[PDB]
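Chains as they are written, first to last, in the entry's author numbering: chain X, 1 to 105; chain D, 1 to 105; chain B, 11 to 45; chain Z, 1 to 35, 35A to 35B, 36 to 82, 82A to 82C, 83 to 100, 100A to 100M, 101 to 110; chain C, 1 to 35, 35A to 35B, 36 to 82, 82A to 82C, 83 to 100, 100A to 100M, 101 to 110; chain G, 305 to 332, 1006 to 1060, 1065 to 1173; chain L, 1021 to 1060, 1065 to 1124.
Using N, Cα and C, we set each Cβ at its ideal position, and we do this for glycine too.
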Amino acid sequence: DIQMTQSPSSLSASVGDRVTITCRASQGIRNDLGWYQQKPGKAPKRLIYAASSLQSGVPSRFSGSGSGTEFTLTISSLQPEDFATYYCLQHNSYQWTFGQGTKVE
Amino acid sequence: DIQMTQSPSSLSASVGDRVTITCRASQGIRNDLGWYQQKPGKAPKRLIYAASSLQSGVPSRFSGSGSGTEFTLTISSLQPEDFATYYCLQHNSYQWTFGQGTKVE
Amino acid sequence: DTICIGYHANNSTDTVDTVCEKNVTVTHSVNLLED
Amino acid sequence: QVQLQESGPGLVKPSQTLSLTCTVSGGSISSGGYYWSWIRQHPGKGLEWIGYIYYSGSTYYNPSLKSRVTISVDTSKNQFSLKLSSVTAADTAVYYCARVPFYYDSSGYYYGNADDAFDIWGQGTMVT
Amino acid sequence: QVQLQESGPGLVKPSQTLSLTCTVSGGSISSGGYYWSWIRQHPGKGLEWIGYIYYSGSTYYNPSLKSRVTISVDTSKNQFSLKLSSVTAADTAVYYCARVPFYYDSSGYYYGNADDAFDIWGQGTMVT
Amino acid sequence: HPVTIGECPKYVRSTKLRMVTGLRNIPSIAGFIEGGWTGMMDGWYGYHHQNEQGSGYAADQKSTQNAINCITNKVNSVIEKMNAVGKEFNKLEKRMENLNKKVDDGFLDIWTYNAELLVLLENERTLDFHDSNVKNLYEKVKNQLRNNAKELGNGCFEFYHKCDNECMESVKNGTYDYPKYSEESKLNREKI
Amino acid sequence: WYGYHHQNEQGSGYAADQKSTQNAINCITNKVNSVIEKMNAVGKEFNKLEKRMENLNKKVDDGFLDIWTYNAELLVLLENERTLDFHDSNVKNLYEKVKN
Ligand SMILES: *[C@@H]1O[C@H](CO)[C@@H](O[C@@H]2O[C@H](CO)[C@@H](O)[C@H](O)[C@H]2NC(C)=O)[C@H](O)[C@H]1NC(C)=O
Ligand SMILES: *[C@@H]1O[C@H](CO)[C@@H](O)[C@H](O)[C@H]1NC(C)=O
Ligand SMILES: *[C@@H]1O[C@H](CO)[C@@H](O)[C@H](O)[C@H]1NC(C)=O
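In C-alpha cells:
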C-alpha cells in the first residue's frame, strides 16, 4: 500500500531551461522507479528504467538520479514537442502505484 | 610459563667480525620473537619484528633468521657504537618472557 | 550469552573500479599515479 | 514489430459486467520475461493500475479493486482478456494493455532482438 | 612525534603501595591496536615484564607478580597508570612504559603514517 | 609528460589507478551478514561478545597479519614487475618520423592497457580474499562450538549454557573444551 | 536464468528469481563493455637500397600484432571462466538462503 507523491503539480518554463522534478516515497524503495511521458489523448511511453537507466532511443537530454526515499528527473533543455505529463511508477512490491501527475507548460 | 635461553653470555670480537647469536625456546613458538638493543643506562630499541622483518630505519648490517625452537641474529660488521646488550622477547602466548642477557665486547 | 563474527568499517569515501561494479567504496586504498 | 490492440463493446449499463480483449500482432505471446498488464485512466483523473498476469497463468490483482476481476491468457489465439463488473460512472474510463519487461537489458545480452526490450503499450479504448 | 614520559614519587617505604603515571605527548592514545605495557628492570638484573592493557580496558597481568597490581587508562588526559604494593628492595628498580604495536606493517599499508609503526619506549624512572 | 630523464616513473595515459588494501564500506548487534562494524578500530576482523559480566569488541590478530602480508606482497609485486629524450628529422625524412611516432605510440597503449588490467583484476582478488577470510573465521567458530550453541543466521551464536569472559576468550583463542559444558546445554536444549 | 520449482496440493509450477538475474545481467553487461572499451596504417614503400629500413618496419608491424592477438585470446579465456564460476556461485547463494 505504498503511495507516491510528486511536487510541484505545475511546471512553467521557457525553451532551454533545466527542469528538476521529484518523486518521493515513504518506504525504502531501492531504485525501482520508471518515468512515463503522456501526450494529450495518447498512450504513455517509457523513458527511464530503474531510475538511472535510459531506454534505447531516448535522447540524452533526459537524465535521472536518486535512491531510497527520493528520486529526481532532470531535463537539460526544452523543446516545443515536450508538452506532456510525467508520471513516476514504482514496482518494489507486487502492488503497482503511480504518481499523481505533473503538468509541464 | 615458556622460558627463553641465550648463549653465550659474553661475546668478544674485533671491528669487522661477524657475530651469530642464538635464542632457544622449548615450545613450538611460530616466529614470535623480537630483538631489543639496550645501551647502558638507556631505554631499549626494537630491531627485528617477528624474527625475520627489520624495522624501518634499522641498518642493513643486522639480519635475523630462524623458526620453531631456535632463532638466530647475525651482525655482519661491528662498530664502536655497537656496545650494547641484546635481548630476545617472545609474544606467542599472552605471557611475555625475555632473554637473560648477552653482553657484547 | 552471544558471540558474533564481523568486520571493520569507517567513514572513508575512496572509490575503486572492478569488473562488475564501478565506484565501489573502500575503507583503505593506495594510489599509484602522480600528477 | 509487435503491436497491441484492444477490442470491447464500450456500452455498459450499471450493475452489469464488462469484458475487453487485448490482442497481439507480430511476435505473438513470447515466453521469456514479460508482465502482461492492464492499466486504466479516468478522463479527468490520473493513471491507476488494474492488474498483471505472467505467461504460465499466475495472476496478481489490485487490492482495492479485488471485487470482480478476471484475467486470462489464450496462447494459441495470441490474446488476453479482462473481466470487470458493476461498471458505474467512476469506472467509465480509458483502458490500456501493456507489455512490461521483467529486466532492463540496454545492450541486448538477455533478450536477443533489440525490440524485445521495449515497453510496447496499447492504443487505449474508452469504455462508457 | 609521539613521546612517552613517566612521573612518580620514588620514595617508597616497605609494605606500602606505589603508583606511576605514564603520559603521552603528541598524537594521544590512538585506537589502532597498541599494547600499552609496563616493563621493569632491576639495576643489576635483567628485563622483566609487568603487564599490558588495551584502549578498551581489557588487562593482562604477569602470573608471578599478580599479587597487588592495577593498570588504568584515562583517555581524555592521555594517561595510563600502574599501581603496585609491598615495595621491597627487590622491587626498587627502573620502570619503563612502552607502546608496542600489534602488527608489523613495514610499508605503511595498515597504520597510515610511518611513525605509527614504531615501538616507542619511555625514558625510564628509578624508583627506590 | 613522456619525455623524462633520471630515475622516473613510467608514463601512462590514465586518469586514475587506485589499488584496494582494505574492505568494502557497508556501515551498520548482528554479524557479517547484516553489515560491518564501526566500533571495531583495532583490527580488520574480530568478535563481539555480550554476557552477564559485560559486552565489547575484540580483534583476530593472526588473520589480520596474514591479510597485511598478502596485501604488502601483492602491491610490492605490482610495483616491482612493472619496473627517451626525443629525436629530430628534416623535411625529406618523413617515413622515419612516422615510424618513430608509430613505435612511441604503440608501446604506450600496451603499457597503459597492462597497468589497467592489473589493477582491475587485483581489486577483485583482494575483495574475494577478505570475504573468504571472514567465512573461515565463521567456520572455525562453528566447528569448535558444535551443538552447544544455536545459529540465529546472521553470523551469530546463542549459547545454551553460561559462558563468562574466560569461556568467551577460550572460544576466541582456539581451545574450547567440549565435554566440560555439555550437560547444561543438553538440558536447556531438551527443555525447549 | 535462476529460479524455483514447487509442487503442493494445489498444483505445481516454475518461477524465477528476478533480482539475481538482474545482478547477473548487470555484471555481464559491464564485463563485455569493459572488454570492448579497454581495447579501443596505410603502408610504406622503400627502394632497393633501404632493405634495413624495410625489415625494421616489418619487424615493428609483425611484433605489435602478436602482442595484441595474445592479449585478446587471453582476456576472452579468463573472462569465460570467471563468468561460469559467477553463475555457479549465484546458484549456491540461492540454495543457502532457502536453507537458512
Ligand atoms: C587460551 O585461553 C585459555 C583461557 O581460557 C588459556 O588457559 C590459561 O592458561 C594459563 C597459563 O597456562 C593459566 O594460568 C590459566 O589458568 C588458563 N585458564 C584457564 C581458564 O584454565 C590458554 O593458555 C590459552 N591458549 C593459548 C594458546 O594462549
Ligand atoms: C572520519 O572520522 C574521524 C573522526 O574524527 C575524522 O577525523 C576523519 O577526518 C573522518 N574521515 C573523513 C574521510 O572524513
Ligand atoms: C563514478 O564516479 C565518477 C566520479 O565521481 C563519475 O565521473 C562516474 O560517472 C561514476 N560512474 C558511474 C557508473 O556512476
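query	result
Range of the contiguous beta strand (DSSP E) that encloses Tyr91/C	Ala88 to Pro96
Whole-Å CB distance - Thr22/D paired with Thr72/D, under 8 Å assumed	5 Å
First through last residue of the beta strand (DSSP E) which encompasses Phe62/X	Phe62 to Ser67
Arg46/X - DSSP class collapsed to helix/strand/coil	strand
Interface flag, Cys30/B vs chain L, CB-CB below 9 Å	yes
Near ligand 4: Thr25/B beta-carbon under 8 Å from a heavy atom	Ligand 4 is not among the ligands present in this structure, which contains only ligand 1, ligand 2 and ligand 3.
Limits of the beta strand (DSSP E) - the one that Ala1096/G falls within	It is not in any beta strand (DSSP E) - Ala1096/G instead sits in the alpha helix (DSSP H) that spans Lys1075 to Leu1126.
Expected contact under 8 Å - CB spacing of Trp1092/G and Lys314/G to nearest Å	6 Å
Close Cβ partners of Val15/D (< 8 Å) along its chain, the five nearest in sequence each way excluded	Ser77, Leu78, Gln79 and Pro80
Positions along the region 46 to 72 of chain X whose CB lies within less than 7 Å of some CB in chain Z	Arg46, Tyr49, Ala50, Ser53 and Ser56
Paired residues, beta bridge with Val104/X - DSSP	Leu11/X
CB of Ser35B/Z within 9 Å of CB of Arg94/Z, strictly	yes
Contacts of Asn1053/L in chain Z (Cβ-Cβ under 9 Å)	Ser100B
Where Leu11/C falls, given that 16 or more other Cβ within 10 Å makes a residue buried	exposed
Cutoff 9 Å: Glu1097/L Cβ touching any chain B Cβ	no
Residues sharing a beta bridge with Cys22/Z, DSSP	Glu6/Z and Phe78/Z
Contact set between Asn33/B and chain G, taken where Cβ atoms lie within less than 8 Å	What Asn33/B touches in chain G: nothing, since even the nearest Cβ is about 11 Å away.
Cross-strand partners of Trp1021/G (DSSP beta bridge)	Answer is none; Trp1021/G lacks a bridge partner.
Ligand 1 heavy atom lying under 8 Å from the CB of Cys1148/G	yes
Residue from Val1152/G, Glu1164/G, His305/G and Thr1156/G with nearest C-alpha to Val1066/G	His305/G
Minimum C-alpha distance to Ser1166/G - residue among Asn1135/G, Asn1129/G, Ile1173/G and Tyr1157/G	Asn1129/G
Buried or exposed by the 16-neighbour rule on C-beta atoms within 10 Å, applied to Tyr50/C	buried
Short Cβ contact (9 Å threshold) for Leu89/X with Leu54/X	no
C-alpha distance - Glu44/B paired with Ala13/X, whole-angstrom precision	46 Å
is_contact[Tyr1159/G, chain A] using C-beta, thresh 9 Å	The question asks about chain A, but that chain is absent: this structure's protein chains are X, D, B, Z, C, G and L.
Among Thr87/C, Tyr100D/C and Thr68/C, nearest to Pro41/C - alpha-carbon criterion	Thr87/C
Contacts around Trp47/C, its chain only, beta-carbon distance under 7 Å, and the 5 residues preceding and following it disregarded	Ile37 and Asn60
Cβ contact (3+ pairs, closer than 8 Å) linking the region 1083 to 1097 of chain L and the region 1146 to 1157 of chain G	no
Rounded separation between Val19/X and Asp72/C - CA only	56 Å
Secondary structure of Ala1044/L, DSSP reduced to three states	helix
Beta carbon proximity, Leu82/C to chain D, threshold 9 Å	no
CB-CB length for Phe97/C against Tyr34/C, believed under 8 Å	7 Å
Segment limits, beta strand (DSSP E) that includes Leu45/C	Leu45 to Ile51
Contact under 9 Å by Cβ, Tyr58/C with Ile29/C	no
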